[PDB]
Amino acid sequence: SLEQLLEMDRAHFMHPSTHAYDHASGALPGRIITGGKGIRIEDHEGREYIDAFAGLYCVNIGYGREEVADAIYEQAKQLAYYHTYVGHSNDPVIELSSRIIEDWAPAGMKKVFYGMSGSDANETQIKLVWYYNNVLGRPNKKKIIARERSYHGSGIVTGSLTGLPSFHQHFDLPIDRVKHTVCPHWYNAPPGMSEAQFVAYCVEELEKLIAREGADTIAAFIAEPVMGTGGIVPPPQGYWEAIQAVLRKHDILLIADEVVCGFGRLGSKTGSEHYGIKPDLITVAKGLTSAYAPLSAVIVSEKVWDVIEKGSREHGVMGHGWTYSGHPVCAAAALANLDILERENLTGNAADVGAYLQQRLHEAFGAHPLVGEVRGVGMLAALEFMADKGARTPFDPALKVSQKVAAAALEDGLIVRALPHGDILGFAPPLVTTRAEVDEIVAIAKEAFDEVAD
Amino acid sequence: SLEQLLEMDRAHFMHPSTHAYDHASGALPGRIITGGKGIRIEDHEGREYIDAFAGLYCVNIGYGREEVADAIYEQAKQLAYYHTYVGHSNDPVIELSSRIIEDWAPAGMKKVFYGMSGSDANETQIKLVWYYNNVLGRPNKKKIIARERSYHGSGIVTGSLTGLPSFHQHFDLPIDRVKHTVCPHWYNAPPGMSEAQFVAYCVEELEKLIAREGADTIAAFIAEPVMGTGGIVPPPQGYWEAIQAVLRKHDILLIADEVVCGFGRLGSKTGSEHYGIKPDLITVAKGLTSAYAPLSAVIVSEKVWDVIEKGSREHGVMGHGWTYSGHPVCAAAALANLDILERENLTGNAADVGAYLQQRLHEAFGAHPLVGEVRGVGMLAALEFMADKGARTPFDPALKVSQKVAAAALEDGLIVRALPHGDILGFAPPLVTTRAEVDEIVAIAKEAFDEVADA
Ligand SMILES: *Cc1c(COP(=O)(O)O)cnc(C)c1O
Ligand SMILES: *Cc1c(COP(=O)(O)O)cnc(C)c1O
Ligand SMILES: [Ca+2]
Ligand SMILES: [Ca+2]
Ligand SMILES: [Ca+2]
């Protein structure tokens, strides 16, 4: 019974990112998702929704892929699990590793280490950067620079990297080794710069942080090529070239968080490829498997892998491992996911239909007095709402405009996300989305928005 | 083509817990596992092995359960994933949560929060204990006490909780908020002590740590009911009763790490049930799914859940979540796993055949001059080897006796683990293991051991 389900939920399930009391008490009503196909999902009540956020930037090949379910089945049946400790392996993990390196990763990458979450992958990154510096005799080169409004996960170290305050509240974060520099959102500049001027500003602010802390104390800089949860923010043109030069000058490792941007989302293999970023380390999850099974990976450059090898010769086996590291079923899911991305050229579809999404959002919302900015890249897009446009001046957060539009859209059968920063409505549809589906998405969001606007 | 696999592996796969250079260079040969059935696995080759470590204390219902593969398939096909943010749900996660609380958790537990690893679950625990204290207006009550030789995971915070130095080296751990008290291994007590004396020693050492740090600054104490990777160490008689009294007196939360002990391993539902532990918080993974899919959970007491609710009313939504929190496929795997544990009464089999394992290891090894100690409980057991027994004096670690026995056992078709701490050979067979299979396991390990002992 659906009613006893919902009581069991309220009584016993602690959800992620859900108001504990309001949920437990019934004030925040629960929604049970039971099926889905293509870009549409279905709740327990039989209501169907267009999921223009692809779960959480992650159901990239779309819902209901029997091909992946069969791949998962066949592996679960043959060998669901053995460990990968002390050189042990399984077939799928071997194939997946060489495929990630040969076909998806930028040049210079060498090794892949697996977990199950974006958060655990970034945890691994910070371990590796500390290990690297310790084996090189640099015990104080340990601080990590992240950015305001960044999202890097929800643990203690990874929640510190995260530049959104909700992940810090009552958790004593950020930790002391994590420092935050500026969010590269041109729309929000010092308030009259050229794009190039704003880049130079971001560069000087980073240079100031480095000077205050001391370059010899900074191990790494971590960043999303395009900001996701912080509010769908492409980098300014020239940003990545200029930031990379600063990091190289100060011998600071670069970690590209590709959890959202990875595996076709922007119309390129990765955000790194898209923007000419040459990271030392890369974090992936989400579109790695299109969420069909949980899997994360850390991709390691030749340079860093060489120091890891060196560490092992001098100090023996590195103490790092998860029980389910390289889980056969999860690896098999990833292989089928990649087969589908590649065969259907969904990276191309993301570029193509993603540009159409940008176009249609601009046409629909660009001229409107309450829309401060329309922005995006590939199959990511956002609308940022402003009380005055003009003066670039945001609504009283108590008004909750982004949230009211999202709610209205949901009533009309469309899922889009109110992002945690400001009044921002985000779009991250599956990479299989068609032009017609975009027009359908935009029509509903447009109606929703007018209803709230009035 | 097997050769091309192994090259691809060496070229591109960074393994957990694997010597990086020795593996990449071919000095540490790789092993590809391709199949398995019951308690036996098969490598690429075709060599078959009795897996008396059940993967990593985790393949509890045994290998090749088509029933679980079908359960995984059916969920993957119907709905592999949606998120569980902002009150969203799927039914396997709802059923699993109420089943964990009603059927497996000790009394007083209320809510379950999901991840994918033992490590992420303990990460969540520490977040929750800090949140708890912050919403109660106790900003300084934040330190965590763990134990020497404990294993709690392999992250930064969870690697700090972990009391084994290999998880610390070149990672700048433990963090300052984590303190370690003594390992409750009677066999390594300060010499001469009675079991009861050694308990009282553990108690006084904990009391000293609490006095030095200030009880006011200590949020929680985390511990495995029985130590796993640190050496298969049951707690001394009376340990848990006495430790619990100290924690209660100082208002310190107790986190039971049931990652190994959970879901039947000791012949009880949990280590907590087994030893009368009343934790505020419990961590589970491994036997939660028998490793058929990755899943972890944090089980939360009524007391702690009440404060979490309070936090949300006063401060709004707690900022905690994993994208794959409550993953439908993983939850479905767990439900089938539980169906099998319950239907086959594998908790009972673990009690029964586990006691037999203890008996048979004692009979086979108890008298031998090179075996310092035989120990265990339920379906966990270990042999600890000593150069001198009556002097309690261990071999030169470069001799690596535990590892030589393991190697010999592997040649003879048996997988048992050389544990990282001492010269210790561990046993954690699947909970479906039979008495005859135990005798088969012990016979091979006994032969292996003689070969190494006579040398
Ligand atoms: C979602 C996300 C993470 C963390 O992933 P989890 O699987 O939720 O731990 C990290 N980085 C980015 C950019 C993300 O979007
Ligand atoms: C194996 C283990 C962990 C960590 O589990 P992962 O799934 O490897 O992250 C934590 N606690 C205990 C007691 C364990 O045995
Ligand atoms: Ca409407
Ligand atoms: Ca079947
Ligand atoms: Ca033999």
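Excluded from the calculations below are hydrogen atoms, water molecules and symmetry mates; all remaining heavy atoms, backbone and side chain alike, are included. Letters A, B, ... mirror the listed sequences (proteins, then strands); counts begin at 1.
For B:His83, the part sitting under 4.5 Å from any heavy atom of chain A is the side chain, from C-beta outward, and nothing else. With a threshold of 4.5 angstrom between heavy atoms, B:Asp51 approaches chain A through side-chain atoms but not through N, CA, C or O. With a 4.5 Å cut-off on non-hydrogen atoms, A:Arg10 touches chain B through its backbone but not through its side chain. Interface residue A:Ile41: only side-chain heavy atoms are found under 4.5 Å from chain B. When heavy atoms are compared at a cutoff of 4.5 Å, A:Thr158 does not approach chain B at all. Contacts between B:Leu28 and chain A at a heavy-atom distance below 4.5 Å involve the side chain alone, from C-beta outward. Of the two parts of B:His320, the backbone and the side chain both hold a non-hydrogen atom closer than 4.5 Å to a non-hydrogen atom of chain A. At a 4.5 Å heavy-atom cutoff, B:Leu2 makes no contact with chain A through either its backbone or its side chain. Contact annotation for B:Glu123: both backbone and side-chain heavy atoms come within less than 4.5 Å of a heavy atom of chain A. For B:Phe167, the parts sitting under 4.5 Å from any heavy atom of chain A are the backbone and the side chain alike.
Of the possible donor and acceptor atoms, none in the side chain of A:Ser89 sits under 3.5 Å from a partner among the backbone N and O of B:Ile32. Between the side chain of B:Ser325 and the main chain of B:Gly321, no donor-acceptor pair closer than 3.5 Å is present.
With hydrogens and angles left out, the side-chain atoms of B:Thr34 and B:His44 include no donor and acceptor closer than 3.5 Å. With hydrogens and angles left out, the side-chain atoms of B:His15 and B:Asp9 include a donor and acceptor closer than 3.5 Å.
In this pair, A:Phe171 and B:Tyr131 present their aromatic rings tilted. The plane angle is within the 30 to 60° band.
The candidate with the highest count of non-hydrogen atom pairs below 4.5 Å against chain B, out of A:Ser166, A:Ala333, A:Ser97, is A:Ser97. When each of A:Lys77, A:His315, A:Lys37, A:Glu42 is checked for heavy-atom pairs under 4.5 Å with chain B, A:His315 comes out on top. By number of non-hydrogen pairs under 4.5 angstrom with chain B, the leading residue of A:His19, A:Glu309, A:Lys286 is A:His19. Chain B forms the most heavy-atom pairs under 4.5 Å with one residue out of A:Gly118, A:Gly30, A:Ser98, A:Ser117, and that residue is A:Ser98. When the candidates A:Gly64, A:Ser17, A:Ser154 are compared by the number of heavy-atom contacts under 4.5 Å with chain B, A:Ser154 comes out ahead. Across A:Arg65, A:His168, A:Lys142, the residue that shares the most heavy-atom pairs under 4.5 angstrom with chain B is A:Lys142.
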Would you sort out whether A:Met318 and A:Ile308 count as a side chain to side chain contact (heavy atoms under 4.5 Å, CB included), showing the intermediate values?
CA-CA 8 Å; A:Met318 174 194 284; A:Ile308 289 168; 3.9 Å; yes
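For A:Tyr57, the ring pair (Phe, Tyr, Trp, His ring centres under 6.0 Å) partners at least two apart in sequence or on another chain are A:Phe53. Not counting sequence neighbours, A:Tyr21 has no partner by the ring pair (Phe, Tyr, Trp, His ring centres under 6.0 Å) test.
With rounding to the nearest 0.5 Å, the separation of CZ in A:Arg177 from CG in B:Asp172 is 4.0 Å.
Comment: A:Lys310 engages A:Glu314 in a salt bridge, judged by a side-chain N to carboxylate O separation of less than 4.0 angstrom.
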